[PDB]
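*Asks:* Please find one structure pasted underneath; my questions will follow.
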Ligand SMILES: O=C(O)/C=C/c1ccc(NC(=O)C2(NC(=O)c3ccc4c(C5CCCCC5)c5n(c4c3)CC(=O)Nc3ccccc3-5)CCCC2)cc1
Ligand SMILES: NC(=O)COc1ccc2c(c1)S(=O)(=O)N=C(c1c(O)c3cc(F)ccc3n(CCC3CC3)c1=O)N2
């Protein structure tokens, strides 16, 4: 079947930013008939996944619990209420949500409407390879439906992926735990070989059968009968496909592939990619495979069979993925150093802590983080990518010297150190106070994140070259700026002083011997790094448990 069919009605509007103007170019790329051929490897892997899914017991979320996960600025309903009404449990919001639920239980077939829009994302104007990337397409149902999806499937999509894929499920790891997993897998092999597999437009490649196979896995859970019916109806009426409406309310077309903005997108894509890849590893005869899967992002570490043999096994893996309707974007290439593999737009690098001991950490090319940060300093944005980058990339040279210095100087100038900001981590929205960053960083990366040094030449050069290319002052300027930022933070005391002392410890000549922040243990990070919710419309406000008077 065709991934999409179009009426011709335009996908209407809401360093460069992707707009609604480039939507036509994206539509051409993602529109095609899918040819899927399944085999015994696929069937064997599915049965193994199902046996693991069978250990899961999932609970039905109440209307109140589902309402509480809704982001404050989530798209309003076309039925007379918005995200504020949902979070307040308003009479109108709650009555409509209950009617949507009742309809899911009563109607098992009518396709549910969705809205289609072009994603506005900032990329760097780099005239080195081709040109500007076309806008990605976002497909999502109405607010009432999104609350119902949480009631039925929030517990499933939060628990089932780890139960099925075990250590291969990537969203259970913080960046440091992801690094630890990759390093351990690499060291376990006699002669390691690793590769990333890029699927061309993964959402478009997902077939009706893929979605039903994904539902057959959900159905292995112990579920409340209404949750079981809701999952069955949501599968047929929403997940499998349905009509597309643009922002103007015009019939835009029809979808028969994965919608980006439903609660099951991340879980479903991860399960689908894992199933196809594990089956393709068997068809390719790759020895002792370790897979790490995050949605459509796949990395495989295995036992090398020699240079020519590895190139041949990779082409066999690709042919098998292609049959399963997961063809490649960039062709996969075997890598023989862990540091050279790019997965989840990141690579492993090594540094030393204050005692000269090796510390592996996760980094990336800083061009896109710096460009996006520049866009965000220039104009007000709902989500602050700089904040998420400081959190996830806290041990890196560039996040510490440039992002921390620049944004802390802006917060000091605006007196907004205590103002909570939104950032996206694994598709979920978190409301975080920048004053909590030293405690968050210690919890996720450890005390060593504040004293790393002896960065690799390759890492230092990538950073320095990127600054030159973007017209950013050199690293020596950032050291001078950080010394002043640090001094002003120290003067303020409390959490602000901890920001100065811990985040800017690298900027001082003498360098302090840092002790653990006592209040860090109080942070409730239980919802962090459990699952991916990309396009799932999930929100959390960072909270503190058992606070001590003197902290
Ligand atoms: O050789 C030496 O010894 C010293 C050299 C030297 C060179 C340049 C400066 N620049 C500055 O003082 C100014 N800009 C900056 O001090 C500046 C700060 C951050 C900048 C950023 C990002 C960095 C990441 C956080 C957000 C801001 C970008 N650009 C920046 C410029 C350059 C810029 O203009 N825009 C972009 C565009 C895309 C990406 C990055 C940038 C402020 C007043 C005059 C211009 C200072 C010293
Ligand atoms: N195709 C589908 O359906 C979704 O497929 C997906 C594939 C990968 C991801 C997602 C969806 S996500 O939207 O859930 N977010 C991330 C992600 C982040 O949130 C993230 C946030 C930051 F501020 C900084 C770095 C981040 N990094 C890199 C560092 C990390 C440790 C690995 C991610 O990868 N990964």
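Residue numbering in chain A adheres to Swiss-Prot, whereby the residues present occupy positions 2420-2433, 2456-2992 in order.
How was it done? The header gives X-ray crystallography, 2.1 Å.
Cβ atoms here come from the backbone N, Cα and C positions, even for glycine.
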*Asks:* Write down the one residue from 2639, 2863, 2877 that Swiss-Prot lists together with 2737, 2738 as binding Mg(2+) 2.
*Replies:* 2639
*Asks:* Do you know offhand how many angstrom separate residue 2639 (Mg(2+) 2 binding site) and residue 2461 (phosphoserine) by C-alpha?
*Replies:* 25
*Asks:* In the domain 'RdRp catalytic' (2633-2751), how many residues does DSSP call helix, how many strand, and how many coil?
*Replies:* 53 helix, 32 strand, 34 coil
*Asks:* What same-chain residues, at least 6 away in sequence, bring their CB to under 8 Å of the CB of residue 2737 (Mg(2+) 2 binding site)?
*Replies:* 2640, 2643, 2644, 2710, 2714
*Asks:* Measuring Cα to Cα, how many angstrom lie between residue 2738 (Mg(2+) 2 binding site) and residue 2461 (phosphoserine)?
*Replies:* 26
*Asks:* Among all the protein chains here, how many other CB atoms are within 10 A of the CB of residue 2461 (phosphoserine)?
*Replies:* 18
